[PDB]
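All remarks here apply to the structure that follows.
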Amino acid sequence: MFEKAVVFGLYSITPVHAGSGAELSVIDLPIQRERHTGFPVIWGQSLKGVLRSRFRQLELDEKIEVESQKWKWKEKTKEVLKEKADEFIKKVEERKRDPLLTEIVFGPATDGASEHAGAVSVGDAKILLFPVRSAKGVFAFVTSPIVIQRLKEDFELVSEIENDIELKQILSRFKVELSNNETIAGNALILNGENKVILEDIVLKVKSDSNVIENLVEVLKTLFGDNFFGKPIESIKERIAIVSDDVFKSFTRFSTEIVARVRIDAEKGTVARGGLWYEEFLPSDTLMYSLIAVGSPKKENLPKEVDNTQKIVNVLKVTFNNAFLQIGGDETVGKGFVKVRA
Amino acid sequence: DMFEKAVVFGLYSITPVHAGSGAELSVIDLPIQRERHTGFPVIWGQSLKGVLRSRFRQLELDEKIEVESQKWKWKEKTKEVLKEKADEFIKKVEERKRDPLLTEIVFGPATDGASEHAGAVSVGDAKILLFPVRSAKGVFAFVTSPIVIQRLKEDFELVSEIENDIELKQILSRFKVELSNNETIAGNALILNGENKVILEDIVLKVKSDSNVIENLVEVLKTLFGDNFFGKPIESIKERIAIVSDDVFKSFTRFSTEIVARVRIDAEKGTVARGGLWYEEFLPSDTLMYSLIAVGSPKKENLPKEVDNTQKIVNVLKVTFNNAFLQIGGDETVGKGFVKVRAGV
Amino acid sequence: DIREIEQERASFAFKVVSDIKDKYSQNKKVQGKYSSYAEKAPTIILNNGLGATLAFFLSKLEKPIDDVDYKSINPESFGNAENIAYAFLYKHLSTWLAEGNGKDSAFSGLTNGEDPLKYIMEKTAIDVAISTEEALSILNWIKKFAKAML
Amino acid sequence: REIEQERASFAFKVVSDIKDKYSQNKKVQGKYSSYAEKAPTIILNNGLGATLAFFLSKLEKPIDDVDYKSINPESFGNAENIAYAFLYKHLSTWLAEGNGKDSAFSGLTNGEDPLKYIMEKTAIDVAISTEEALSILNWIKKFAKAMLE
Amino acid sequence: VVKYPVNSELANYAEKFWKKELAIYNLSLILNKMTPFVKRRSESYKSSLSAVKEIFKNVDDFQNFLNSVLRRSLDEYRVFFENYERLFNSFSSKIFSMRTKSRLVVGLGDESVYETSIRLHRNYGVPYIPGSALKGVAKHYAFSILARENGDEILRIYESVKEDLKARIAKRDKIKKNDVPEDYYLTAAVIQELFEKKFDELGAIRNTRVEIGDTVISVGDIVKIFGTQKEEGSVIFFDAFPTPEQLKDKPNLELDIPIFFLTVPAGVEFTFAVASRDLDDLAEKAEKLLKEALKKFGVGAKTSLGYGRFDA
DNA sequence: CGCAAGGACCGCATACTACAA
């Protein structure tokens, strides 16, 4: 199925730490990666969980603009389920089940996991842009041809859903290959000397094929609105660098933030037993995308307001657009705040 | 998610600050916390949370916390809430095993009962806002950068989203600066008497002619921190503000910080102990710092009737920490790391 | 085929420091003075500026500060141990800031074969700041190796 | 898991060898245990080359040239010097040859001096050497803390 | 020849200002960045303070220029002082004010292009006394008074530490272990080591009451006030800032000798403060100890030659 | 007329699969 697709773009306002599994190796709590390549990633389970929680919390306040009507959980449930609805309302009061809209879209709760599946699917969020310190200029966005390759693959997958031939052609228009150390750099990052763009601890050579970079910016303008998540897109167009695969992988491993944290005793004035530990944080301004898919709503006796893939897609688009999300652990210490552009 | 109200905390250093970041092998033996990609100084939210919780617990233990114009006694109030188990909680608290009732409710449970429930505050990072830089004509300008303004606009958008009030977005919507690599939107006071030039540190550069920007900035400060920038009249700040490009701004935060050569002289020889020579790095005094604190609904079961709504918690924190003096970073006894805090909305 | 500047920094620092031990093995005073100067330079750089420190080095070498040619300063010319150490330190710093590890190496200096003092004289602030950063890093590495071996 | 067993055996062997020297002297045992514990922190902050340079510097001798071989830890005078020479010897040995030709891990440096290897190689070699040093240090921390006094 | 090693435009700007033609207010900015290299005839371009004085018309002229530049920031210094006093009062800290018996110099050894430098404030340029120096001189004076009176008991109680210190001194001095004399300096070193890592056994001698000023302070009180490695101290040593009123008329800096350096003249007022972080009332004893230390030993380099003495 | 950090503490405690088929 999955007759409709919405691309979600995330911008990290603050450093984000999505907790990995067992805390092994030298670093205590590392970010989630993939052994297959080594790049950072966010598994779809956490994304679906946070989206479901936000959706349910919004629905409980009757702030969800269901076709600009502010659908009421109790009223809609009574209209749909009729006689038994009241009983379900009690289950909603006990925080056992969930209101009608979120149950229909994201699937039911644990105790009722035998009626219908979830009408949505949330893919893993993959990196697309990585901040990196630079000598001239500051804070250069970086990316690699493999990322663009995966992006083209995702576009092709979308085309198998909505027949977006123009998007496929636009993606196929871009084809670059930096060999070992040369980079495609914007005008700002270029050192005042002859080429020689210096990223972190590496000195590179610029390559004069910047049109491709421009095309990439166009793709962004095609995908995530006009302003680049609240900034002038052309402003970011001056600070984009494309580098080889191995260099990008090296950046995605030895440039995440590393932080040491301690606990202070009540009155001793110094650390205590089991107080010192380490954490790894994904840098701010990291751009990561995903792929949300929607198929046929499998819920029984769905409401007339939301009874087609187009309706669900519109609801998701309006509810999540320039909104804000809390992602991962370390919430109370200001970590995980992101801006979502659909 | 669960937050409904927010407060913008402003920090004004009166003494050099030093937030430790471990020890390196570079020229500076005790550097400061910085974001990796940008390279600008920063204070993480964890240190702020720890300091605030410590101060709150200290004030509650001495029964000096005044919620709704009344002291929140640790033993008396917790007796009503915990009911039968209050005796166990009181003894455990006295044994420094768990934090008092109010601290536990606000800043979340203590280390022993970490799996009980969650907190209600989300104190965030402290991004730089105004870097004090020595100037040739005039004294001690408040340099800032367009990146800082953009980040500030983002935080204001987040605050307006939490509060559902577009006034903040409207106020910040006018911010749009495009300063070049050698031009500053300087205030009148800092302007050198000459060809409209400013000598900041080792950089001399022409002054772009623009208006209705600096004033806007000052207006923002008047929105949250009352009318006095940490006590001083806002007019001097308005006349003493400069804005420069990202490159020079970063160049300033890398070579315009205090550097000290502390030692430890041994008694026997009277000159210096073996290996007693190192350099410490400090943020300068009069640095303007800002951070965001978000407040959600309390999660502890059977909470006291005084603290049930996020509004009450916000009022409590605003009353407690407004115009107070706090300690941040290391060398507390040596005399470094004292700041003045201001709240707002 | 890609080496970060860290590899070239250590390679360069090892080259010069080892070049002192074999040259002036018997002159322990020269080695000690060179080590002390390498320890003390970064604070001067951080306190005054790269141009100030370079001019100071020239002043201790009784040479005019307006026209310089690091490629024309034989360290063996100076007679005093302090003077010889200062000449060696200045030559190493200027050579790194001009040619880096080498033209073949990944890093090839910053001034592109220009006297660093003149480069600071006739460039904008950003170039001076980046050159200062590079000088700080190489001074750190040279101090490390000099303390380790000298 | 063969590499894991190799690392565990090597860590036990080196910790036992440290136990043999100055077994009664809790000064050398105590200093070495703290030295192994605090070592991985440096590597994260400053990289492998900087940590190796620091280890070379803390030794109190002319230390002419650079040799992972030689530099007998017993020849060092101060107890701290002996412990640091031991730590450097063990780490360099593991990175150079591991446990031997027939071992599962023959060492990434092909028997070459780790510092010289870092000085004249590519970036990826430095990366893998760094990761391997981190892993062996992680094992050595536990094994030295467990039994050494 | 006053050629400057700074890019040409700032070079000419600094040249214009240096000959009393402009009014640059940050004295630290003038001294540190735009340094006037002097290339007097038959000599290379030196940078010592002597050449700088030779650049000005006379030593008095240079002193007047420096005093004027320092005094130009009076309003900002006053506002900062008001804030600082508000902070002192907010933390419930005891504050007092002394004066310099003679010339003062703090941080003479700080490395700069000039052979000498002073710990001048970054934002304003007024000299000041860091709190670390206060804490250090207080601890050193407490050690001296404890060792002078109860020397024998301290030397006898910690015999093993005394032997270890003697061995270390003999090794460092390349002398015999027995050759070390048990003078007052050895006692001071032993006490310093006692307050170091080996601070657990100090509780054995935690009964002597040193008569500081007119009050008896126990060694346990010393540990509770100054702080140890395993417990933070309860007394904060703020910094010292000269009162702006004195700077209004009386000059705040002076030259002192062809090797010259800047020092604070005698009679200059300085206000000090001390707080009690915890409920311990050791603030009064700490204040008395600091006052006695300033009166007797003083703070500042070259303290042997009368520098740094403080009267009441 | 030279001197050149050094040790403490180095993830704790809790959760540790449920219901259908």
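Here the Cβ positions follow ideal geometry from the backbone for every residue, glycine too, while neighbour counts run over all protein chains shown. No lab work stands behind these numbers, since they all come straight from the coordinates.
In table form, for the structure just shown:
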{"item": "Some residue of the range C:75-87 being within 25 Å of B:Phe255 (Cα to Cα), touching a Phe, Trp or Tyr at 6+ places or on another chain (Cβ under 7 Å) and away from chain E (no Cβ under 11 Å)", "result": "yes"}
{"item": "Residue that is within 14 Å of chain D (Cβ to nearest Cβ) and within 16 Å of DNA strand F (Cβ to nearest atom), where the choices are A:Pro15, A:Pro30", "result": "A:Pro30"}
{"item": "Selection within the range B:281-309 - crowded, with 19+ Cβ neighbours inside 10 Å and touching a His at 6+ places or on another chain (Cβ under 8 Å)", "result": "B:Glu281, B:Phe282, B:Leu283, B:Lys300"}
{"item": "In the range E:169-201, residue nearest to the other protein chains (Cβ to nearest Cβ) [restricted to those that are within 16 Å of DNA strand F (Cβ to nearest atom) and in contact with a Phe, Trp or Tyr (Cβ under 7 Å, 6 or more places away or on another chain)]", "result": "E:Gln192"}
{"item": "Segments classed as helices (runs of 4 or more DSSP H), wholly inside the range E:1-113, with at least 2 members that are among the acidic types (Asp, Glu)", "result": "E:8-16, E:59-71, E:74-90"}
{"item": "Test set (1) in contact with a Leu (Cβ under 7 Å, 6 or more places away or on another chain); (2) more than 16 Å from DNA strand F (Cβ to nearest atom) - C:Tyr86 fails condition number", "result": "(2)"}
{"item": "Test result for E:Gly125, within 16 Å of DNA strand F (Cβ to nearest atom) and not aliphatic (A, V, I, L, M)", "result": "no"}
{"item": "Of the criteria (1) over 23 Å from the mean Cα position of the chain (by Cα); (2) of a type in the set (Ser, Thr, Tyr); (3) over 23 Å from E:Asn26 (Cα atoms), which one E:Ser68 fails", "result": "(3)"}
{"item": "Of all residues making up the range B:263-311, the number that are away from DNA strand F (no atom under 16 Å from the Cβ) and either over 27 Å from B:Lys5 (Cα atoms) or within 14 Å of chain E (Cβ to nearest Cβ) (or both)", "result": "6"}
{"item": "So C:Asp19, is it among the acidic types (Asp, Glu), more than 16 Å from DNA strand F (Cβ to nearest atom) and farther than 30 Å from E:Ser8 by Cβ", "result": "yes"}
{"item": "Residue, farthest from DNA strand F (Cβ to nearest atom), within the range A:248-262, restricted to residues that are touching a strand residue (DSSP E or B) at 6+ places or on another chain (Cβ under 7 Å) and under 30 Å from C:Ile2 (Cα atoms)", "result": "A:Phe248"}
{"item": "Some residue of the range E:141-149 being within 11 Å of chain B (Cβ to nearest Cβ) and crowded, with 20+ Cβ neighbours inside 10 Å", "result": "yes"}
{"item": "Count - residues of the range D:110-149 that are within 14 Å of the chain's Cα centre (by Cα) and either crowded, with 17+ Cβ neighbours inside 10 Å or within 14 Å of D:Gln5 (Cα to Cα) (or both)", "result": "17"}
{"item": "Whichever residue in the range B:94-120 is within 14 Å of another protein chain (Cβ to nearest Cβ), more than 16 Å from DNA strand F (Cβ to nearest atom) and crowded, with 21+ Cβ neighbours inside 10 Å and, among such residues, is farthest from B:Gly296 (Cα to Cα)", "result": "B:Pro100"}
{"item": "Leading residue by the ranking (nearest to the other protein chains (Cβ to nearest Cβ)) among those in the range B:41-56 that are crowded, with 21+ Cβ neighbours inside 10 Å and away from DNA strand F (no atom under 15 Å from the Cβ)", "result": "B:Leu48"}
{"item": "Qualifying residue in the range A:242-258 (condition: more than 14 Å from every other protein chain (Cβ to nearest Cβ) and under 24 Å from the mean Cα position of the chain (by Cα))", "result": "yes"}
{"item": "Selection count where residues are within 14 Å of chain E (Cβ to nearest Cβ), surrounded by 21 or more Cβ atoms within 10 Å (Cβ to Cβ) and outside any loop (DSSP other than H, G, I, E, B), scope the range B:312-340", "result": "2"}
{"item": "Which numbered condition C:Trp141 fails, given (1) more than 14 Å from chain B (Cβ to nearest Cβ); (2) farther than 30 Å from B:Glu183 by Cα", "result": "(1)"}
{"item": "Residue among E:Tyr25, E:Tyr4, E:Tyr45, E:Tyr77 that alone is surrounded by 15 or more Cβ atoms within 10 Å (Cβ to Cβ), more than 24 Å from the chain's Cα centre (by Cα) and over 23 Å from E:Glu115 (Cα atoms)", "result": "E:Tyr25"}
{"item": "Qualifying residue in the range E:132-149 (condition: outside any helix (DSSP H, G or I) and more than 16 Å from DNA strand F (Cβ to nearest atom))", "result": "no"}
{"item": "Restricting the range D:22-43 to residues that are under 16 Å from A:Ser25 (Cα atoms) and crowded, with 17+ Cβ neighbours inside 10 Å, the residue that is nearest to DNA strand F (Cβ to nearest atom)", "result": "D:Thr41"}
{"item": "Failed criterion for A:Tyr278 (all others in (1) over 17 Å from the mean Cα position of the chain (by Cα); (2) surrounded by 20 or more Cβ atoms within 10 Å (Cβ to Cβ) hold)", "result": "(2)"}
{"item": "Count - residues of the range C:1-34 that are away from chain B (no Cβ under 14 Å) and of a type in the set (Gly, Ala, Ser)", "result": "4"}
{"item": "Tally of residues being in a helix (DSSP H, G or I), in contact with a helix residue (DSSP H, G or I) (Cβ under 6 Å, 6 or more places away or on another chain) and closer than 15 Å to D:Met147 by Cβ across the range D:11-33", "result": "8"}
{"item": "Test result for D:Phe55, surrounded by 13 or more Cβ atoms within 10 Å (Cβ to Cβ), assigned to a helix (DSSP H, G or I) and within 16 Å of DNA strand F (Cβ to nearest atom)", "result": "yes"}
{"item": "Residues being away from chain B (no Cβ under 14 Å), of a type in the set (D, E, K, R) and more than 16 Å from C:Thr53 (Cβ to Cβ) - total across the range C:103-138", "result": "4"}
{"item": "Residue list for the range A:228-244, restricted to those being out of contact with any strand residue (DSSP E or B) (no Cβ under 9 Å at 6 or more places or on another chain) and in a loop (DSSP other than H, G, I, E, B)", "result": "A:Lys231, A:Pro232, A:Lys237, A:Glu238"}
{"item": "Failed item, numbered, when E:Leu247 is tested on (1) within 14 Å of chain A (Cβ to nearest Cβ); (2) closer than 23 Å to E:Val79 by Cβ", "result": "(1)"}
